[PDB]
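Residue strings, one per chain:
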Amino acid sequence: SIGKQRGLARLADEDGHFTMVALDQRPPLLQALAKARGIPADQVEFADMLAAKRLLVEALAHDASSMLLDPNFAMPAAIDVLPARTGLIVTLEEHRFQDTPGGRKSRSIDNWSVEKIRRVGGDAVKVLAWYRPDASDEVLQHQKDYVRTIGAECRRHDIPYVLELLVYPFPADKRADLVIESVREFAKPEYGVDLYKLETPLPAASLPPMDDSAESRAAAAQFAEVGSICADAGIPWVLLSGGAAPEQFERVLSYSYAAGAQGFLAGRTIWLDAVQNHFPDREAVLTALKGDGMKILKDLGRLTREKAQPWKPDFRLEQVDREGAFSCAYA
Amino acid sequence: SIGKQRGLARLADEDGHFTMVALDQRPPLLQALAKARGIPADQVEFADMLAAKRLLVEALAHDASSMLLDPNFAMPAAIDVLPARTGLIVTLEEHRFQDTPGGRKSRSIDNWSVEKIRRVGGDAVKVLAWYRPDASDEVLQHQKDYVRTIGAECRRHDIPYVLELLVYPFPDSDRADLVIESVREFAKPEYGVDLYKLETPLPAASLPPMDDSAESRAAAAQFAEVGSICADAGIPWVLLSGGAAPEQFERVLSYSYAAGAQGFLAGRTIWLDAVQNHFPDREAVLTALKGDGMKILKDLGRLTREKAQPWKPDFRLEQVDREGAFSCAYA
Amino acid sequence: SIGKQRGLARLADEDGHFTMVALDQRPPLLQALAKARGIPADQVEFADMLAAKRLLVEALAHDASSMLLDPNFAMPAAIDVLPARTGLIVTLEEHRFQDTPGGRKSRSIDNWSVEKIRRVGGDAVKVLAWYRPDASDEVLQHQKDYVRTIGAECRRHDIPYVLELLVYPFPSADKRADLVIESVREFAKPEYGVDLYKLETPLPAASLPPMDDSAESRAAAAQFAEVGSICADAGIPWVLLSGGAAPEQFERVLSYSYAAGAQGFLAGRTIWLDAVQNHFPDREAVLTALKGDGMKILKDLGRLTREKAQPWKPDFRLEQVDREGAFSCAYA
Amino acid sequence: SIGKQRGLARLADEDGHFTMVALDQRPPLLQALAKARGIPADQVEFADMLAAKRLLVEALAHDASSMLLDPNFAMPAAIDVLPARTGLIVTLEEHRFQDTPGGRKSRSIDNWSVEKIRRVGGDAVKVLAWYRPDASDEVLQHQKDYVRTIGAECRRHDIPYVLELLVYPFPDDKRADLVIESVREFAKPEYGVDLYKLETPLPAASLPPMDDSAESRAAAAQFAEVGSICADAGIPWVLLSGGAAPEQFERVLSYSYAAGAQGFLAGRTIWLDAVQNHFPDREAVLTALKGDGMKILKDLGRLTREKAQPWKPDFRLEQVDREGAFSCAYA
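As stated in the entry header, the method of structure determination is X-ray crystallography and the reported resolution is 2.5 Å.

Within the PDB entry, the label attached to chain C reads DUF2090 domain-containing protein, and the organism entered is Paracoccus onubensis. Here the PDB entry title reads "Crystal structure of sulfohexulose-1-phosphate aldolase from Paracoccus onubensis strain Merri". Quoted verbatim from the Sequence similarities (unreviewed entry) field of UniProt, the annotation for chain C is "Belongs to the aldolase LacD family."

Per the PDB entry, chain A is named DUF2090 domain-containing protein, and its organism is Paracoccus onubensis. Regarding chain A, the UniProt comment filed under Sequence similarities (unreviewed entry) reads as follows: "Belongs to the aldolase LacD family."

Following this line, the structure appears as structure tokens:
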């Protein structure tokens with residue numbers, strides 16, 4: 001299991017923290033470009049999707065321990081501008097999920113794979129699995145099988161399996177139980193998850209300041225259950241920004257880092273203003289980013305370096321007694 | 001192409017220099033540990049080989065762009081202490097070559113492969129091929145087929161093929177042309193070589209200072225032919241220490257960096273005396289390394305920065321104009 | 001190239017003929033089972049699909065040189081009753097194609113791949129690509145890219161690439177023949193890596209006149225000979241899909257095709273549709289209907305192939321090796 | 001597990017019998033051609049090795065349920081004449097074992113693999129592992145690790161793992177113990193053996209007729225032990241000829257089949273005399289292979305259909321109740 005540990009080390013910074021940036025947005029980027037161009041979403045050229053993902057990778061790489069890129073857009077647009085020492089998490093789940101009456105059904109991106117991600121020099125495989133424990137049996141069986149089959153692929157190619165879990169509405173107190181029980185399920189050893197991309201159990205807006213107050217301790221107990229499931233499974237957990245205001249998301253992180261979270265995954269929030277208001281003027285997008293998005297990014301990174309417990313690689317290698325034992329054992 | 005270019009980017013430092021450290025020594029390290037312990041080479045226990053390679057990774061990994069490690073000894077000994085940002089080149093050649101009257105015959109390490117190197121999260125595959133153009137047709141066709149088969153495996157796994165070429169003496173019971181024709185043959189597109197680990201075409205002691213003189217003009221011309229072959233093929237090249245003294249090896253680099261070379265691969269010079277004179281006192285070995293090998297390493301990196309042309313990853317991406325084309329094309 | 005040659009040899013009988021049977025039908029079998037049960041298709045239990053596939057493999061494996069199985073239904077249903085000597089072709093395309101206004105877009109079955117077909121012991125990979133030369137540039141670009149990416153997967157795993165081409169209507173016999181023939185001409189290009197072709201009739205089965213010395217016959221045979229010519233130049237053997245044509249009509253399509261160089265056929269729905277539809281789940285009554293009709297049709301098709309089809313022969317065309325180690329070094 | 005079961009089905013005849021022919025001989029076939037030409041073993045040409053293996057495949061393939069071919073010699077010589085319906089078993093162990101004083105060390109053929117055997121369309125991988133339970137710990141550990149890593153390769157590529165076990169003399173009733181304890185050791189689930197290729201546990205010449213006698217019962221007890229080990233582990237077993245006389249190998253098979261064996265993997269017994277005597281005339285070798293050599297094989301198959309118990313595939317699959325569960329589970 002060397003590749004999984006080494007792969008996760010390449011996603012964390014020199015200190016062992018996960019200061020990740022998500023740049024795999026497919027419809028969100030297309031929609032942000034439809035607003036910037038003033039044209040309908042169906043008229044936005046592919047060239048525009050590329051120039052936007054190239055600009056974001058150039059702008060946010062030097063302040064990210066690792067970046068999440070999708071294969072069809074960000075990989076051809078910015079693989080040559082992503083620094084070598086920045087970790088590369090490659091998206092595997094297809095954005096066009098099946099919205100059935102009993103819940104959402106996930107599948108991999110066509111003509112892409114865990115094997116291909118390993119081949120292209122990717123450091124980790126990422127899968128977002130829309131999940132809620134109250135889904136129909138058919139939907140629960142589909143999602144569990146999909147996550148499991150990807151976990152098997154990642155074990156086969158010894159590559160870090162990064163599972164992002166998200167609850168959804170069918171086509172606040174209840175939501176917190178739906179989140180925790182989703183985390184508990186995919187923390188089972190059969191799924192082979194190596195890193196959790198988790199959403200907050202309680203909304204960012206509903207969070208009181210960190211204090212000994214009964215209100216704050218009842219909220220911290222929700223985060224504590226998540227952190228307890230992840231420490232027992234041995235899986236580090238980071239947090240999706242979710243679009244919450246920078247201060248609201250900073251509070252989410254203060255609560256999460258107390259319960260044991262090891263980092264964050266920054267989303268749209270960072271650049272959604274710079275892209276919509278200034279594309280295609282590259283220089284103008286970089287100005288709005290250097291004062292808003294990159295500021296928040298450096299702040300979240302500083303909060304992680306201070307409050308978050310660093311992750312450490314767990315290399316419990318077998319006792320290699322003779323020359324050749326390692327090559328045989330690694331099979 | 002993407003995995004090979006990004007893999008190569010992880011072997012060079014931030015600026016694009018290959019300041020690599022060879023740490024895959026098998027018989028030389030065993031012989032260095034025999035002298036350090038008093039006992040003969042056949043009595044050196046496996047635990048000492050691990051202990052030695054772990055000290056050498058801990059003390060040199062931070063002052064190296066990438067490190068070449070062997071699978072059976074260095075992988076289980078120091079994979080946990082190899083920095084995530086330091087590139088990892090894994091040895092594929094079996095050190096026990098066949099010394100036939102007509103030349104040396106090479107093969108891969110048993111139970112180890114290009115596929116396994118891609119799996120552990122290795123950035124590059126290293127193969128040492130013993131080669132003399134004047135070898136027998138049997139030995140020539142054996143070495144050619146072995147190097148070509150590894151290039152095919154490296155192309156299949158889209159991982160950089162780092163080929164090391166060495167000139168050797170024939171079996172003896174009781175110099176520049178041989179290097180240039182070795183470099184020329186394997187530079188052909190059938191071998192798929194991505195990085196060269198070449199030796200100096202003229203001895204290190206024989207090298208005159210870089211003068212306008214016809215002696216230095218004819219000596220630099222030998223390096224220029226090596227550099228022109230590497231440049232026409234598109235294969236960057238690095239120089240291996242090969243036992244030269246600090247000043248002797250620095251002249252080789254001063255000559256090669258003007259001829260095109262993109263860096264160095266430092267070997268036994270850095271730690272041979274530090275190991276042989278102080279093993280197994282860790283505090284003593286690290287002290288000896290700082291005042292000698294580490295000092296040389298710092299000077300070689302400074303010389304590489306002052307005179308070596310930075311290598312650039314040439315991503316010759318076949319332009320994609322639609323969502324799905326990248327996944328389909330990457331096959 | 002060895003694996004593709006051995007794989008192709010295992011899809012044909014020891015004479016060289018492709019007497020193949022298609023058992024990868026997903027919605028057509030679901031509709032047949034809904035009609036047998038007297039319930040809606042969305043009420044058909046998954047166990048009925050397995051019982052049907054298993055019935056059909058045991059029944060038709062006697063008269064078939066190779067069989068086409070789909071991974072999610074046929075493979076769990078009947079891999080244990082598929083004879084070791086009957087070749088195994090595994091379906092890769094998803095039956096749920098994207099029905100865009102500009103044309104149909106294809107994709108692989110989720111969580112199934114060429115690497116898995118090679119791993120499980122499959123002899124060949126099968127992809128059906130919906131194709132029209134006059135479809136939109138985007139749809140054309142998608143289909144060409146999908147076909148080519150599976151051809152690359154098949155070269156990497158050295159396994160035969162069986163490609164089936166089918167024309168369809170968007171959401172004249174000479175106008176259909178142009179759509180069919182120009183589809184064959186495109187995917188015969190070397191970049192696609194096609195090893196075997198599963199083709200529909202360029203001219204309708206009903207329209208075909210008797211194979212005599214008339215002008216009507218030479219005109220019809222010309223379309224078959226253009227298909228036969230494109231395939232012989234590319235080195236791709238071609239078989240014919242029954243496509244729901246009546247037995248007499250399919251035997252006529254085969255006579256025209258075999259004269260043009262076709263090396264066999266792939267029998268679909270025709271063989272078992274009514275048998276399953278009328279008697280499922282009474283296992284015996286299904287076999288009894290199959291023996292009196294479908295199995296008789298397959299025996300006739302196999303006999304016609306033995307007499308009139310040209311035998312496919314393997315051409316290993318291996319580069320000569322002169323030393324021990326050369327073969328292992330060259331196969332990489 | 002599907003590919004393993006179907007691969008075993010393809011090595012057996014329509015009635016589950018293993019009537020296999022081995023023509024992967026490297027040193028034994030070399031010695032036969034050296035004797036046929038008068039010249040030493042070191043003088044036998046490569047073309048002579050190819051022609052001989054091509055004759056055996058043309059002559060015997062139609063009367064064998066499956067054949068065992070080696071990559072370097074029998075594969076380029078006869079893959080084009082090997083019938084589609086004859087199972088192809090491909091050798092993997094290097095014939096040049098390491099003959100240490102403590103015992104024999106095994107390795108795979110250079111540049112060949114289980115991955116390549118799957119790729120060429122081979123139905124099974126074959127490894128011969130030289131074994132004695134009384135060899136040194138260094139040798140026992142090596143053979144154990146080599147057998148185990150190939151089992152893991154065959155599990156990864158879901159391909160039958162045919163393991164041949166052979167006792168040998170150390171350099172420069174007791175035999176039954178070396179044979180039976182070898183069988184016992186590699187029947188352990190960790191090795192992932194799918195089919196056994198075993199030598200007789202009692203010398204072929206020492207065997208009395210198959211009568212209800214004390215001598216017969218004593219010998220049959222050594223065969224029954226092998227049968228029980230194999231039957232408990234669920235591993236079918238076939239007996240290798242070992243160059244024994246035809247009448248002797250029929251007695252070895254009668255005892256083996258009465259104890260549960262499912263066939264044979266006969267080599268030199270069938271064709272050694274045809275090649276050793278009449279090489280290099282094509283018509284003469286094919287006359288002695290179709291008349292005398294094929295008679296032995298035809299008799300061996302006749303005894304097998306009469307007395308050997310059929311092998312039956314256990315396709316005990318994990319039951320699926322929905323569309324997509326097979327593809328998810330097959331990972």
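Novice: Any chance you could explain the overall build of chain C here in plain terms?
Specialist: Each helix and strand in chain C was counted, giving 13 helices and 10 strands. Here the C-alpha atoms of chain C give a radius of gyration of 20 Å, agreeing with the 20 Å that 2.2 N^0.38 yields for 332 residues. Taken along the three principal axes of its C-alpha coordinates, chain C extends 65 × 55 × 45 Å.

Novice: Quick question: what am I supposed to make of the nonpolar core here?
Specialist: As a rule of thumb, nonpolar side chains are buried together in soluble globular proteins. Judged by nonpolar contacts, the single largest core of 125 residues is most densely connected at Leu-163, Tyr-196 and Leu-289 of chain B. Examining the composition of this core, we find that nine residues originate from one element, helix α3 (residues 46-60) of chain B, more than from any other. When neighbours within four sequence positions are excluded, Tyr-196 of chain B is seen to be in contact with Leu-163, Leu-165, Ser-182, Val-183, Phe-186, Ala-187, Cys-230, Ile-235, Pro-236, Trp-237 and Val-238 of chain B. Core analysis: the next-biggest nonpolar cluster, separate from the first, contains 124 residues, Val-21, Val-81, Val-139 and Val-147 of chain A among them.

Novice: Is there a simple way to think about the sheet that holds strand β10 (residues 264-267) of chain C in this case?
Specialist: By way of backbone hydrogen bonds, the strands of a sheet pair with one another, either parallel or antiparallel. All names here are of chain C. On the basis of which strands lie adjacent, the closed barrel formed by eight strands has the order β1-β2-β3-β6-β7-β8-β9-β10 and parallel pairing. The mean angle between the axes of side-by-side strands here comes to 25°, regardless of whether they run parallel or antiparallel. Across three bridges, the pairing between strand β3 (residues 87-91) and strand β6 (residues 124-130) is parallel. When the bridges of β6 are listed, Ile-89 appears paired with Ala-124. Here helix α3 (residues 46-60) sits on the sheet in contact with β1 (18-23) and β2 (66-69), set at roughly 165° to β1. Contacts between helix α12 (residues 294-308) and the sheet are confined to β1 and β10, with β10 contributing the most and set at about 165° to the helix.

Novice: Help me understand the interface of chain B and chain A, please; the structure alone is not making it clear to me.
Specialist: It is common to report an interface's size as the accessible area lost on association of the parts. On the side of chain A, 51 residues touch chain B, which itself brings 52 residues to the contact. Across the interface of chain B and chain A, roughly 4400 Å² is buried in total on both sides, 55% from carbon and sulfur atoms. It is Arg-6, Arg-85 and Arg-119 of chain B in chain B that bury the most area against chain A; as a group they hold 18% of the surface buried on that side. Put simply, chain B and chain A have four salt bridges between them. In this structure, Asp-123 of chain B engages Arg-10 of chain A in a salt bridge whose closest nitrogen and oxygen atoms are separated by 2.7 Å. Seen at the junction of chain B and chain A, the total is 34 residue pairs in polar contact. Elements that contribute at least two residues to the side of chain B that touches chain A include exactly α1 (2-9), α3, α4 (74-78), β3 (87-91), α5 (114-119) and α13 (325-329) of chain B. Along the lines of polarity and charge, the residues of the side of chain B that touches chain A split into 25 nonpolar, 11 polar and 16 charged.

Novice: Just to check I follow, could you spell out the sheet that holds strand β6 (residues 124-130) of chain B for this structure?
Specialist: All names here are of chain B. If you walk around this closed barrel you meet the eight strands as β1-β2-β3-β6-β7-β8-β9-β10, and the pairing is parallel. Neighbour to neighbour, the strand axes of the sheet diverge by 25° on average, direction disregarded. Alignment of strand β7 (residues 161-166) against strand β8 (residues 195-198), held across three bridges, turns out to be parallel. Residue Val-162 lies in a different strand from β8, and its bridge partner there is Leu-195. Contacting β8 and β9 (237-240), helix α8 (residues 214-233) runs over the sheet at an angle of about 140° to β9.

Novice: Would you mind going over the packing of aromatic side chains with me for this structure?
Specialist: The geometry of an aromatic ring pair is captured by two quantities: the separation of the ring centres and the angle between the planes. Residue and element names in this part refer to chain A. Within this structure, the stated rule accounts for 45 aromatic pairs over all chains. Measuring from centroid to centroid gives 4.7 Å for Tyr-131 and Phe-186, while their planes differ by 80°, and the two rings are edge-to-face. With a relative accessible area of 5%, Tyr-131 lands in the buried category. Taking relative accessible area as the criterion, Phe-186 reaches 0% and is therefore assigned buried.

Novice: Would you take a moment to explain helix α9 (residues 246-259) of chain A for this structure?
Specialist: Since the α-helix packs 3.6 residues into each turn, any two residues three or four apart lie on the same face. Residue and element names in this part refer to chain A. If you check α9, its first and last C-alpha atoms are 20 Å apart, about what 14 residues at 1.5 Å a residue would give, namely 20 Å. Restricting attention to buried positions, one finds in α9 the residues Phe-249, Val-252, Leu-253, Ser-254, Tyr-255, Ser-256 and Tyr-257. The inward-facing, buried residues of α9 abut α8 (214-233), β9 (237-240), β10 (263-266) and α11 (282-307). Positive phi shows up at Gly-260, right after α9, with a value of about 115°.

Novice: In this structure, what is going on with the interface of chain B and chain C? I would like to understand it.
Specialist: In this complex, chain B contributes 14 residues to the contact, which on the side of chain C involves 14 residues. For the pair chain B and chain C, the summed buried area comes to about 1100 Å², and 47% of that belongs to carbon and sulfur atoms. Between the two partners, chain B and chain C, sit two salt bridges. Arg-322 of chain B is the partner of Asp-145 of chain C in a salt bridge, and the nearest nitrogen-oxygen pair spans 2.9 Å. Connecting chain B to chain C are six residue pairs in polar contact. Elements that contribute at least two residues to the side of chain B that touches chain C include exactly α6 (137-156) and α13 of chain B. Here the side of chain B that touches chain C takes eight residues from α6 of chain B, the largest share from any one element. Taken together, the residues of the side of chain B that touches chain C sort by class into five nonpolar, five polar and four charged.

Novice: Would you mind showing me how to read the side chain of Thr-86 of chain B here?
Specialist: Note on placement: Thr-86 of chain B falls in the loop between α4 and β3. Of the polar contacts made by the side chain of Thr-86 of chain B, one reaches the backbone oxygen of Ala-61 of chain B; its length is 3.1 Å. Dropping the residues within four chain positions of it, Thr-86 of chain B is found in contact with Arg-6 and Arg-10 of chain A together with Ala-61, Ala-64, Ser-65, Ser-66 and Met-67 of chain B.

Novice: Would you explain the pattern of salt bridges in this entry?
Specialist: Oppositely charged side chains are able to pair whenever their charged atoms sit close together. Enumeration according to the criterion identifies 124 salt bridges over all chains in this entry. Among the salt bridges present, the one from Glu-225 of chain B reaches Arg-184 of chain B, with a minimum N-O distance of 2.8 Å. Residue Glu-225 of chain B is located in helix α8, and its partner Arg-184 of chain B is located in helix α7 (residues 177-186); the two are separated by 41 residues in the primary sequence. Connected through shared salt-bridge partners, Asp-24, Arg-26, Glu-93, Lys-126, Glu-164 and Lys-197 of chain D make up one network.

Novice: I would appreciate a short explanation of the environment of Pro-189 of chain D in the present structure.
Specialist: Its location among the elements puts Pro-189 of chain D in the loop between α7 (174-186) and β8 (195-198). With 60 residues separating them along the chain, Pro-189 of chain D and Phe-249 of chain D place their C-alpha atoms 30 Å apart.

Conventions used here
Residues numbered from 1 in each chain as written, not as in the entry; some residues may be left out. Chains lettered and ligands numbered in written order. Part of a larger assembly, values for the part shown. Heavy atoms only, no water. Residues with missing side-chain atoms left out of burial classes, pairs and counts. UniProt positions renumbered as here; feature names shortened; annotations may be inferred. Helix = DSSP H or I, 4+ residues; strand = E, 2+ residues; numbered from the N terminus. Rg over C-alpha atoms; globule rule 2.2 N^0.38 Å. Core = buried A, V, L, I, M, F, W, Y, C linked by side-chain atoms within 4.5 Å. Buried < 20%, exposed > 50% of the residue type's maximum accessible area, 1.4 Å probe, protein only. Contact = heavy atoms within 4.5 Å. Pairing = 2+ DSSP bridges. Axes fitted to C-alpha atoms, helices over the stretch in contact; angles between N-to-C directions. Buried area = accessible area lost by both parts, 1.4 Å probe. Salt bridge = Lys/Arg side-chain N within 4 Å of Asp/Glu carboxyl O. Polar contact = N/O pair within 3.5 Å; in protein donor to acceptor, adjacent residues only side chain to side chain. Nonpolar A, V, L, I, M, F, W, Y, C, P; charged D, E, K, R; others polar. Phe/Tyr/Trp six-rings, centres within 6.5 Å; stacked < 30°, edge-to-face > 60°. Expected span 1.5 Å × (residues − 1).

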